[PDB]
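A.B. asks: Data: final_37.cif, mmCIF, C-alpha atoms.
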```cif
data_my_file
loop_
_atom_site.group_PDB
_atom_site.id
_atom_site.type_symbol
_atom_site.label_atom_id
_atom_site.label_comp_id
_atom_site.auth_asym_id
_atom_site.auth_seq_id
_atom_site.Cartn_x
_atom_site.Cartn_y
_atom_site.Cartn_z
ATOM 1 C CA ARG A 1 10.417 35.694 67.445
ATOM 2 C CA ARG A 2 12.340 35.509 64.195
ATOM 3 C CA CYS A 3 9.639 34.776 61.662
ATOM 4 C CA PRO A 4 10.681 32.261 58.981
ATOM 5 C CA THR A 5 11.416 33.257 55.404
ATOM 6 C CA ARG A 6 10.460 31.974 51.984
ATOM 7 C CA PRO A 7 12.868 29.394 50.488
ATOM 8 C CA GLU A 8 15.468 30.602 47.983
ATOM 9 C CA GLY A 9 13.243 29.443 45.118
ATOM 10 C CA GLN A 10 14.346 27.033 42.418
ATOM 11 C CA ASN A 11 16.717 28.488 39.823
ATOM 12 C CA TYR A 12 15.037 27.329 36.624
ATOM 13 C CA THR A 13 16.979 27.220 33.370
ATOM 14 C CA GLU A 14 14.874 27.622 30.235
ATOM 15 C CA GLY A 15 15.886 25.461 27.305
ATOM 16 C CA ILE A 16 14.805 23.291 24.395
ATOM 17 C CA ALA A 17 14.688 19.503 24.712
ATOM 18 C CA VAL A 18 14.495 16.473 22.465
ATOM 19 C CA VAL A 19 13.556 13.269 24.256
ATOM 20 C CA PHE A 20 14.763 10.011 22.705
ATOM 21 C CA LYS A 21 13.501 6.555 23.647
ATOM 22 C CA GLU A 22 14.799 3.074 22.843
ATOM 23 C CA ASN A 23 14.107 2.046 19.242
ATOM 24 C CA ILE A 24 12.211 -1.210 18.892
ATOM 25 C CA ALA A 25 10.819 -0.635 15.387
ATOM 26 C CA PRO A 26 12.716 -2.814 12.891
ATOM 27 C CA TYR A 27 14.705 -1.247 10.096
ATOM 28 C CA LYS A 28 12.556 -1.617 6.982
ATOM 29 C CA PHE A 29 13.428 -1.499 3.309
ATOM 30 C CA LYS A 30 12.215 -2.618 -0.093
ATOM 31 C CA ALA A 31 13.562 -5.842 -1.575
ATOM 32 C CA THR A 32 12.794 -7.780 -4.724
ATOM 33 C CA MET A 33 12.438 -11.553 -4.986
ATOM 34 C CA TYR A 34 13.218 -13.443 -8.196
ATOM 35 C CA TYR A 35 12.433 -17.149 -8.302
ATOM 36 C CA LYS A 36 10.815 -19.943 -10.264
ATOM 37 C CA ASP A 37 7.970 -22.206 -9.240
ATOM 38 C CA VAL A 38 8.820 -25.585 -10.694
ATOM 39 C CA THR A 39 5.816 -27.880 -10.490
ATOM 40 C CA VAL A 40 6.045 -31.404 -11.817
ATOM 41 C CA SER A 41 2.819 -33.400 -11.742
ATOM 42 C CA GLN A 42 2.481 -37.138 -12.150
ATOM 43 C CA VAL A 43 -0.904 -38.198 -13.516
ATOM 44 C CA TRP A 44 -2.342 -41.678 -13.913
ATOM 45 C CA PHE A 45 -4.830 -41.840 -16.776
ATOM 46 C CA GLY A 46 -7.504 -44.485 -16.229
ATOM 47 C CA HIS A 47 -10.232 -45.898 -18.447
ATOM 48 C CA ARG A 48 -12.517 -42.926 -17.773
ATOM 49 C CA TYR A 49 -10.689 -40.672 -15.308
ATOM 50 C CA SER A 50 -7.376 -38.959 -14.608
ATOM 51 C CA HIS B 1 -3.724 22.168 33.998
ATOM 52 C CA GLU B 2 -4.223 19.981 30.924
ATOM 53 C CA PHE B 3 -2.849 16.470 30.565
ATOM 54 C CA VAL B 4 -2.375 15.310 26.991
ATOM 55 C CA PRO B 5 -2.521 11.569 26.207
ATOM 56 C CA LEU B 6 1.118 10.507 26.384
ATOM 57 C CA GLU B 7 2.636 7.038 26.046
ATOM 58 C CA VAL B 8 6.093 5.733 25.146
ATOM 59 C CA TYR B 9 4.875 3.116 22.671
ATOM 60 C CA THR B 10 1.464 2.649 21.071
ATOM 61 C CA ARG B 11 -0.265 -0.635 20.338
ATOM 62 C CA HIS B 12 0.812 -0.266 16.709
ATOM 63 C CA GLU B 13 4.446 0.298 17.669
ATOM 64 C CA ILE B 14 4.525 -2.713 20.000
ATOM 65 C CA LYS B 15 2.797 -4.950 17.463
ATOM 66 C CA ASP B 16 5.148 -3.792 14.684
ATOM 67 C CA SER B 17 8.211 -4.321 16.917
ATOM 68 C CA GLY B 18 7.793 -7.996 16.041
ATOM 69 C CA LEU B 19 10.101 -8.940 13.161
ATOM 70 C CA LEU B 20 7.403 -11.186 11.636
ATOM 71 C CA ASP B 21 3.619 -11.232 11.814
ATOM 72 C CA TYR B 22 2.082 -14.658 11.248
ATOM 73 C CA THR B 23 -1.206 -13.138 10.112
ATOM 74 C CA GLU B 24 0.286 -10.898 7.436
ATOM 75 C CA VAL B 25 2.675 -13.584 6.228
ATOM 76 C CA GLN B 26 -0.133 -16.133 5.876
ATOM 77 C CA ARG B 27 -2.362 -13.556 4.193
ATOM 78 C CA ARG B 28 0.292 -12.770 1.606
ATOM 79 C CA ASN B 29 1.265 -16.384 1.078
ATOM 80 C CA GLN B 30 -2.248 -17.779 0.611
ATOM 81 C CA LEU B 31 -2.965 -15.193 -2.105
ATOM 82 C CA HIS B 32 -0.196 -16.783 -4.187
ATOM 83 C CA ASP B 33 -2.581 -18.901 -6.251
ATOM 84 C CA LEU B 34 -5.111 -16.123 -6.828
ATOM 85 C CA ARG B 35 -2.317 -13.928 -8.211
ATOM 86 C CA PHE B 36 0.244 -16.108 -9.986
ATOM 87 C CA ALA B 37 -2.127 -18.847 -11.160
ATOM 88 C CA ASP B 38 -5.504 -19.375 -12.806
ATOM 89 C CA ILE B 39 -7.705 -21.312 -10.401
ATOM 90 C CA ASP B 40 -10.877 -21.648 -12.456
ATOM 91 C CA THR B 41 -9.505 -22.760 -15.822
ATOM 92 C CA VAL B 42 -9.723 -26.474 -16.631
ATOM 93 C CA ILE B 43 -7.699 -27.922 -19.517
ATOM 94 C CA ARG B 44 -8.880 -31.229 -20.974
ATOM 95 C CA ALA B 45 -7.381 -33.175 -23.871
#
```
Just give me the structure as structure tokens.
C.D. replies:
Amino acid sequence: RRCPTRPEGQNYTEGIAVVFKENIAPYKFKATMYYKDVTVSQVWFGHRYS
Amino acid sequence: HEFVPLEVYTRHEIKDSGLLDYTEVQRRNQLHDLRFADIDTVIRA
């Protein structure tokens, strides 16, 4: 009988790859916060205590 | 054949993907008095 043969064999193309995935990391940066704590306190001064 | 440990996102990446972390925000906010105020001093007049 006609004996079978090997397949053609995969034609492989060498190359260089960069694999990107979806970005979930938030964009970060440095900010500066200027503000003023305004604290007003009402005190009642007693005979011995405040 | 050798398999290297490969994963799309780490624990750190997934945890940091959150816009805000309650833990870190609370930690920074509750240090406000220790930094921008004097806890121990008592003024009496």
A.B. asks: If the PyMOL selection byres ((chain A) within 10 of (chain B)) were run on this exact file, what residues would it hold? Put them as a ChimeraX atom specification.
C.D. replies: /A:20-28,37
A.B. asks: Using all atoms of segment 27-44 of chain A that appear in the file, construct an axis-aligned enclosing box with 4 Å of padding on every side and provide its centre coordinates and edge lengths in Å, rounded to one decimal, as lines of an AutoDock Vina configuration file.
C.D. replies:
```
center_x = 6.2
center_y = -21.5
center_z = -1.9
size_x = 25.0
size_y = 48.4
size_z = 32.0
```
A.B. asks: Near residue 45 of chain B, within 12 Å and counting all atoms listed in the file, which residues show up once chain neighbours fewer than 3 positions away are dropped, as a ChimeraX atom specification?
C.D. replies: /A:45,49-50 /B:42
A.B. asks: For atom CA of residue 3 of chain B and atom CA of residue 6 of chain A, quote the distance in Å rounded to one decimal.
C.D. replies: 29.6 Å
A.B. asks: What separation in Å, quoted to one decimal, exists between atom CA of residue 21 of chain B and atom CA of residue 33 of chain B?
C.D. replies: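 Atom CA of residue 33 of chain B lies 20.6 Å from atom CA of residue 21 of chain B.
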A.B. asks: Mind writing segment 4-31 of chain A to a file for me, with N, CA, C and O atoms, as a CSV table (one decimal), in the first residue's frame?
C.D. replies:
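New file decode10.csv:
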```csv
chain,number,residue,atom,x,y,z
A,4,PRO,N,1.5,6.4,4.4
A,4,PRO,CA,1.2,7.8,4.6
A,4,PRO,C,2.5,8.6,4.7
A,4,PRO,O,3.6,8.0,4.8
A,5,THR,N,2.4,9.9,4.7
A,5,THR,CA,3.6,10.8,4.8
A,5,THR,C,3.4,11.7,6.0
A,5,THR,O,2.3,11.8,6.6
A,6,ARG,N,4.5,12.4,6.3
A,6,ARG,CA,4.5,13.3,7.4
A,6,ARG,C,3.7,14.5,6.9
A,6,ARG,O,3.6,14.8,5.7
A,7,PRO,N,3.0,15.3,7.8
A,7,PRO,CA,2.3,16.5,7.4
A,7,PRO,C,3.3,17.5,6.8
A,7,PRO,O,4.5,17.4,6.9
A,8,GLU,N,2.8,18.6,6.2
A,8,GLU,CA,3.7,19.6,5.6
A,8,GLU,C,4.6,20.2,6.7
A,8,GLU,O,5.7,20.7,6.4
A,9,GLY,N,4.1,20.3,7.9
A,9,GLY,CA,4.9,21.0,9.0
A,9,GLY,C,4.5,22.5,9.0
A,9,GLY,O,4.5,23.1,8.0
A,10,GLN,N,4.3,23.0,10.2
A,10,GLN,CA,3.9,24.4,10.4
A,10,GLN,C,5.0,25.4,9.9
A,10,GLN,O,6.1,25.2,10.4
A,11,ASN,N,4.6,26.3,9.1
A,11,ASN,CA,5.5,27.4,8.7
A,11,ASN,C,5.5,28.4,9.7
A,11,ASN,O,4.6,29.3,9.8
A,12,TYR,N,6.6,28.4,10.6
A,12,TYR,CA,6.7,29.3,11.7
A,12,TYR,C,7.5,30.6,11.3
A,12,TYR,O,8.6,30.5,10.8
A,13,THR,N,6.9,31.7,11.7
A,13,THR,CA,7.6,33.0,11.4
A,13,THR,C,8.1,33.6,12.7
A,13,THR,O,7.4,34.0,13.6
A,14,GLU,N,9.5,33.6,12.8
A,14,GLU,CA,10.1,34.3,13.9
A,14,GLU,C,9.8,35.8,14.0
A,14,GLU,O,9.7,36.4,12.9
A,15,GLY,N,9.7,36.3,15.2
A,15,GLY,CA,9.4,37.7,15.3
A,15,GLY,C,9.5,38.1,16.8
A,15,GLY,O,9.8,37.3,17.7
A,16,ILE,N,9.4,39.4,17.0
A,16,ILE,CA,9.4,40.0,18.3
A,16,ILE,C,8.1,40.6,18.7
A,16,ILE,O,7.5,41.3,17.9
A,17,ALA,N,7.6,40.3,19.9
A,17,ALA,CA,6.2,40.7,20.3
A,17,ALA,C,6.3,41.5,21.6
A,17,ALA,O,7.1,41.3,22.5
A,18,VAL,N,5.3,42.5,21.6
A,18,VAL,CA,4.9,43.2,22.8
A,18,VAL,C,3.5,43.0,23.1
A,18,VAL,O,2.6,43.3,22.2
A,19,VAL,N,3.1,42.4,24.3
A,19,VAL,CA,1.8,42.1,24.6
A,19,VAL,C,1.2,43.1,25.6
A,19,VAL,O,1.8,43.3,26.7
A,20,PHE,N,0.2,43.8,25.1
A,20,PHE,CA,-0.5,44.8,25.9
A,20,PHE,C,-1.8,44.3,26.5
A,20,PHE,O,-2.5,43.6,25.8
A,21,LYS,N,-2.1,44.6,27.7
A,21,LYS,CA,-3.4,44.3,28.4
A,21,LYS,C,-4.1,45.6,28.7
A,21,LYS,O,-3.6,46.7,28.7
A,22,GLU,N,-5.4,45.4,29.1
A,22,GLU,CA,-6.2,46.5,29.5
A,22,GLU,C,-5.6,47.2,30.7
A,22,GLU,O,-5.2,46.5,31.7
A,23,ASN,N,-5.6,48.5,30.7
A,23,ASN,CA,-5.1,49.3,31.8
A,23,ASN,C,-6.2,49.6,32.8
A,23,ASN,O,-7.1,50.3,32.5
A,24,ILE,N,-6.0,49.1,34.0
A,24,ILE,CA,-6.9,49.4,35.1
A,24,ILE,C,-6.3,50.3,36.2
A,24,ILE,O,-7.0,50.9,37.0
A,25,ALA,N,-5.0,50.5,36.2
A,25,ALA,CA,-4.3,51.3,37.1
A,25,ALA,C,-4.6,52.8,36.9
A,25,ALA,O,-4.5,53.3,35.8
A,26,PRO,N,-5.1,53.5,37.9
A,26,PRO,CA,-5.5,54.9,37.7
A,26,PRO,C,-4.3,55.8,37.3
A,26,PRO,O,-3.1,55.5,37.8
A,27,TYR,N,-4.5,56.8,36.6
A,27,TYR,CA,-3.5,57.8,36.3
A,27,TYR,C,-3.2,58.6,37.6
A,27,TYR,O,-4.1,59.1,38.2
A,28,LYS,N,-2.0,58.6,38.0
A,28,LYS,CA,-1.6,59.2,39.3
A,28,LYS,C,-0.7,60.5,39.0
A,28,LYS,O,0.0,60.5,38.1
A,29,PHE,N,-0.9,61.5,39.9
A,29,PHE,CA,0.0,62.6,39.8
A,29,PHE,C,0.1,63.3,41.2
A,29,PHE,O,-0.6,62.9,42.1
A,30,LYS,N,1.0,64.2,41.3
A,30,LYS,CA,1.2,65.0,42.6
A,30,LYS,C,0.4,66.2,42.5
A,30,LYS,O,0.5,67.0,41.6
A,31,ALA,N,-0.4,66.5,43.6
A,31,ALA,CA,-1.2,67.7,43.7
A,31,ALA,C,-0.8,68.3,45.1
A,31,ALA,O,-0.2,67.7,45.9
```
